[PDB]
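Q: The structure's right below; bear with me while I get my questions together.
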Amino acid sequence: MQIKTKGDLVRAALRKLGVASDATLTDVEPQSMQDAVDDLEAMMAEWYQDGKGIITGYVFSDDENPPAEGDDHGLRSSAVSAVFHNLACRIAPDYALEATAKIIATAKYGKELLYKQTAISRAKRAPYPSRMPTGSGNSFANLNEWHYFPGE
Amino acid sequence: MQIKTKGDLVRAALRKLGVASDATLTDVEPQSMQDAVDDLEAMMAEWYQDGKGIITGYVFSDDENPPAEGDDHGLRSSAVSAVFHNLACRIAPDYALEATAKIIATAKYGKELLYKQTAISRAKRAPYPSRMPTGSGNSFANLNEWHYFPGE
Amino acid sequence: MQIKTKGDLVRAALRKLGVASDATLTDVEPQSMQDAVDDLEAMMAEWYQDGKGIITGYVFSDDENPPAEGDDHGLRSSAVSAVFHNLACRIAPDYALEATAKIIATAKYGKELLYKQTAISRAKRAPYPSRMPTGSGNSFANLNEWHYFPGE
Amino acid sequence: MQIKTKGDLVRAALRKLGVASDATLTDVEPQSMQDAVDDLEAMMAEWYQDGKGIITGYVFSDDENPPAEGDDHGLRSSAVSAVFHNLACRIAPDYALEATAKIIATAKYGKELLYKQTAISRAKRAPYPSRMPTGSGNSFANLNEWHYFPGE
Amino acid sequence: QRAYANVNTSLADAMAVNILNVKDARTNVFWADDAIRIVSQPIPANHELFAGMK
């Protein structure tokens, strides 16, 4: 996989939007690239709500190391497409554009697949309430005076 | 099959889009090849969610090989059409185009056909619950004292 | 039948589309003919899902015999119209064309007629469950008749 | 009938389309007949699904006879209108035309009339099941010692 | 699986077979009684056999 950095993600988003690529004759300025990188960071921070959002393995760069762009994002191979499609959707406004129907559909599909596994993991069943008896079928629990489920 | 490499898949996708084929007088450009190859790798990695998604036999190129173009995709003959139609749909926005209705319909049909066999395989019934009797009709279990099903 | 090779199917599809025929003054190049034959092979492999799809008798060309074109398709007389109509629909986007309503309707009807007999053949009723008895009517005849149905 | 050969059927279809008639000073181009004959043969093979479709008495030409055009179609007098109307509808896309609404309606009506008698013949009731009694009032069954129906 | 072993060694590459019958001879046959069975069941009175006949 070639999209290894936040700069690579931003370049992929621009290529999707048709603004800049490797075959173009005019390119966007590094200030604009830095602004797009900051928008990617803001989007990932909004998604990952301090651990209670969408978990992907993204790494948030620190200000101690000067350039945020150039640090590996740390995403898995299956999240890059969704992340940079959503980035293109988010940063299309800047250039007076509007992401096309295919881009929007791919963004929605990618976000859904990103959260699918986390939703499956989080679909947990609460334990028995503190007022259930264990039942007399559990002879081992009966012999140990475990007559009610603990709860919590 | 004639389509055996990622380059063949990209050429088929570009031909369907009309960007570069012998139906027109346009020839495929290397920068239009590399970007579409990266897009195809990202899309296949998104589909194949580390084995929990669509199974295709696609071979993921490792970083050790410099040119991703030219390596065999490894897909079966029944997946090539779906893969390259969806690739054309995905890379249409690069040139600010829009895939035609026939291409979109073929992409949907091909993706459904790709997942059909895996869906049939994964449609499996859960085992018996841990709290069922085995029944006295099963003489073997009744004599062995296997009066209840294991579960899980 | 006058249509007996993959190229005959391709030429019929192009004539249906209005791109090139026998009376035409400008023809399409052999590279485009090979691309159309490749698309036909892809569509046939997608239909014949490794024996679990639509059975037609289509014979897939091997690499040892150089031209895929020139091989007898092996289809029955009743499948040729459906095959080349669907091929025209598939290859219409190549030439910046969209297949007309009559062609689309004929392609739908042809595919349905292709799968009708296979659907009739595959519509089978499952054997009796493993726990059903054979009945006392099947006991006085065939004195060693089984008391229960096997299943599977 | 004065339409006694595939050539007359093709000429009638072309005139209905307005391509090659006498009401307009247009003669039948020689290539406009071979392609129309191919389309008619394909449509007839599609209809007469190896005996399980629409029975019309159409005689399919063999590879031994060089000119397909010039043979008696063999259709009954009540099928000619349906045949050539459907042929016109099928071959309209060749000339970037579109068969008119009247031609389409006539084609539908003719196909319905073509299959009406076959449907009447095939509307046959299945024999009695193998598990019915014949009753005590069945004198023939009592004489022949058949307490139950044979089925099949 | 090793509980079912009946020979000391397995067949190892260039090993020679020896035919224990080397001349024509009428055979004397010994067995345990349960070693040879005759599975028996009368033909169904509804089969291809006896579906037309008393």
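Within each chain, counting starts at residue 1; across the structure tokens, chains are named A, B, ... in the order shown, with ligands numbered 1 upward in that order.
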For range 81-83 of chain C, find every residue with an atom within 6 Å (counting only C-alpha atoms), except residues of its own chain fewer than 3 positions away, and show them as a PyMOL selection string.

A: (chain C and resi 86+107+110) or (chain D and resi 42)

Q: Using backbone DSSP assignments, extract all helix (DSSP H, G or I) residues from chain D; output them as number ranges by chain.

A: D: 6-17, 31-47, 80-95, 101-122, 139-144

Q: Measure the distance from CA of residue 76 in chain B to CA of residue 7 in chain B in Å and round it to one decimal.

A: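 Pair CA of residue 76 in chain B / CA of residue 7 in chain B returns 16.0 Å.
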
Q: Tell me, as number ranges by chain, which residues lie within 8 Å of residue 54 in chain C, counting only C-alpha atoms; anything in the same chain fewer than 3 positions away does not count.

A: C: 47-49, 51, 114-115, 118

Q: Please write the residues from the selection above to a file, keeping N, CA, C and O atoms, as a compact mmCIF listing (two decimals), in the first residue's frame.

A:
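File part36.txt, as written:
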```txt
# COMPACT_ATOMS: atom_id res chain seq x y z
N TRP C 47 -21.44 -15.10 -15.72
CA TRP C 47 -22.70 -15.83 -15.78
C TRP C 47 -22.53 -17.25 -15.28
O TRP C 47 -23.20 -17.68 -14.33
N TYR C 48 -21.63 -18.01 -15.90
CA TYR C 48 -21.34 -19.38 -15.52
C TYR C 48 -20.46 -19.33 -14.28
O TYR C 48 -19.23 -19.36 -14.36
N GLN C 49 -21.09 -19.23 -13.11
CA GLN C 49 -20.37 -19.03 -11.85
C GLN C 49 -19.72 -20.34 -11.42
O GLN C 49 -20.05 -20.94 -10.40
N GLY C 51 -20.00 -23.21 -12.74
CA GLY C 51 -20.97 -24.28 -12.78
C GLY C 51 -22.20 -24.07 -11.92
O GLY C 51 -23.13 -24.88 -12.00
N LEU C 114 -32.78 -17.90 -21.08
CA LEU C 114 -31.59 -18.72 -20.88
C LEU C 114 -31.67 -19.48 -19.57
O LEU C 114 -31.35 -20.67 -19.51
N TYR C 115 -32.10 -18.81 -18.50
CA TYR C 115 -32.13 -19.47 -17.20
C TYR C 115 -33.41 -20.24 -16.92
O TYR C 115 -33.48 -20.93 -15.90
N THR C 118 -32.90 -24.19 -16.78
CA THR C 118 -32.05 -24.54 -15.65
C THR C 118 -32.79 -24.34 -14.33
O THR C 118 -32.61 -25.12 -13.40
```

Q: Determine which residues of chain D sit within 10 Å of chain C, taking into account only C-alpha atoms, and present them as a ChimeraX atom specification.

A: /D:29-32,34-35,37-50,52-53,60-63,68,89-99

Q: Near chain E, meaning an atom within 10 Å, which residues of chain C appear when counting only C-alpha atoms? Write them as an MDAnalysis selection string.

A: chainID C and resid 140:145

Q: Between CA of residue 151 in chain D and CA of residue 52 in chain E, what is the distance, to one decimal in Å?

A: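 Computing the Euclidean distance for CA of residue 151 in chain D and CA of residue 52 in chain E yields 16.4 Å.
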
Q: Would you work out the distance separating CA of residue 134 in chain D from CA of residue 139 in chain C, expressed in Å to one decimal?

A: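 Going from CA of residue 134 in chain D over to CA of residue 139 in chain C, I get 21.4 Å.
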